[PDB]
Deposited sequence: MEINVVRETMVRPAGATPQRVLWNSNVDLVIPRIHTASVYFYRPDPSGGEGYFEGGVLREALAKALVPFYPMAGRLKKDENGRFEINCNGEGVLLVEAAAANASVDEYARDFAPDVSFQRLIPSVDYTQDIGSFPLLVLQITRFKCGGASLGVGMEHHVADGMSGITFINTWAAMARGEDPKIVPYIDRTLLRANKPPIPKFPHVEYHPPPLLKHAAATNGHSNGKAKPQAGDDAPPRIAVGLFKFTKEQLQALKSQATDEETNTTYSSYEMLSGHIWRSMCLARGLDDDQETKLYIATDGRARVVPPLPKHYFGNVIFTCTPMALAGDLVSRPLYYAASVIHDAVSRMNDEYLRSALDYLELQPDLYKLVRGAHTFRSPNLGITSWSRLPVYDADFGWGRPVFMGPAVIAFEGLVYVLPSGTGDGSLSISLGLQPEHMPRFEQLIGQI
């Protein structure tokens, strides 16, 4: 990959010099990962830059820097120091030479800046953006965001705002920037045990990435296997992936397994949070069951443990977690990235609700929106459909000798 330019873009002007306090859910997050790649194709530089500065007027926390206070608690120091925007060019080109089946791999890590977090926090950009053009109109947007500034939803809002501005339009949107709403009460009064942050079950006493497609003529069936109640397609798919991995890993029947589902609390908090709330609201929801009960009983049981676990996270339960996390012994060791989604556990983060394919700059809309590289096993990305099909794709990492099976049980609905 060749590089034409590298610019540290700061807001167009007039930005507050805040220091944003961060809510407990603004601190417990898996690392600074959350990378993303956007793939474009032809349709029917001097503008992408100024649109970023214009979009950094309302979203000034993105142009800030990471900082600790006197207690070591992480903050967002609104420096206005800027966001890194790179415009790359590839000689070899052929976007699908490059992306091929769009499955994540190390070559996607090259559509993204290198950046050393190990350095001092106050002097790396919280967000980096790369624009890599190809041979006949292929474009690639790489996004690398720090978790302590905003969640995925608030990050996609920015990319959409940036794209809406580059189109020659205007944002309409003012972000709500105040994390004191999710402040735990004084004193913390937990009402639940909160097994979400309990240690995961242990397996009873590098890798291969896999991208899998679910047509619409597959999701129909899952809705056909639904019974007292009747569950939804995503709840079936999720349990289907839970069921498949429990069989792909050859788990013993009496083993406890844990599914780490990220949950958006913006809508279930009373009173409801403001629109365009800028921050991290992602709460953890962990349904659990024995490995045998998932795979021996019908698929609607796997949704039963998933649905009843998500339906328990009401305003009384979410605010009880904020009080709960205030009492934890170490602030960021509940952060568990590299070996929590080990066997027999797993994690499923879904993007089937974020307006992902709304990043039209003028080159059309994305054909692809997905993660750059799979770090390790256990994390399932529920991709959204771009062609309006009603489809649903998933990307996944597993041990090299569990993927050949996992591919065989996923295809059988």
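Several segments of the deposited sequence have no coordinates for C-alpha: 1-2, 47-54, 216-237, 260-263, numbered from the first residue.
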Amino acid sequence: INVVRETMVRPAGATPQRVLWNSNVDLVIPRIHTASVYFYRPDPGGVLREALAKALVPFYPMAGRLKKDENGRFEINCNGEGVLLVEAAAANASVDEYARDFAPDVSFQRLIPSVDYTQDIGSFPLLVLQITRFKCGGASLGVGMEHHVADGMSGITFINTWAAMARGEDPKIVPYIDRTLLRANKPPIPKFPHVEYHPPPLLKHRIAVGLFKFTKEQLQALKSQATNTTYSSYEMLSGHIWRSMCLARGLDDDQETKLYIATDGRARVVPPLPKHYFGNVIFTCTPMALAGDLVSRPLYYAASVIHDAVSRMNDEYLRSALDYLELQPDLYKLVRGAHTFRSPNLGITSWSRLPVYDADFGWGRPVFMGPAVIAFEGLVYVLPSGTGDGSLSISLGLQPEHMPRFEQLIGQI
From here on, numbers count along this sequence of modelled residues.
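As the entry records it, the average C-alpha temperature factor is higher for 195-203, out of 195-203 and 292-300. Comparing 162-170 with 149-157, the stretch with the higher mean C-alpha B-factor in the PDB entry is 162-170. Of all the options 58, 370, 344, 46, the entry's greatest CA B-factor is assigned to 46.
Sorting 261, 83, 325, 221 by the CA temperature factor given in the entry leaves 221 at the top.
When the CA B factors of the chain's modelled residues are split into thirds, the value for residue 330 lands in the highest one.
Among the modelled residues of its chain, residue 274 has a C-alpha B-factor that falls in the middle third according to the deposited record. Per the PDB record, residue ranking by Cα B-factor puts residue 62 in the lowest third of the chain.
Annotation for residue 71: CA B-factor lies in the highest third of the chain's modelled residues.
Residue-level temperature factors show residue 187 in the middle third of its chain, judged at the C-alpha atom.
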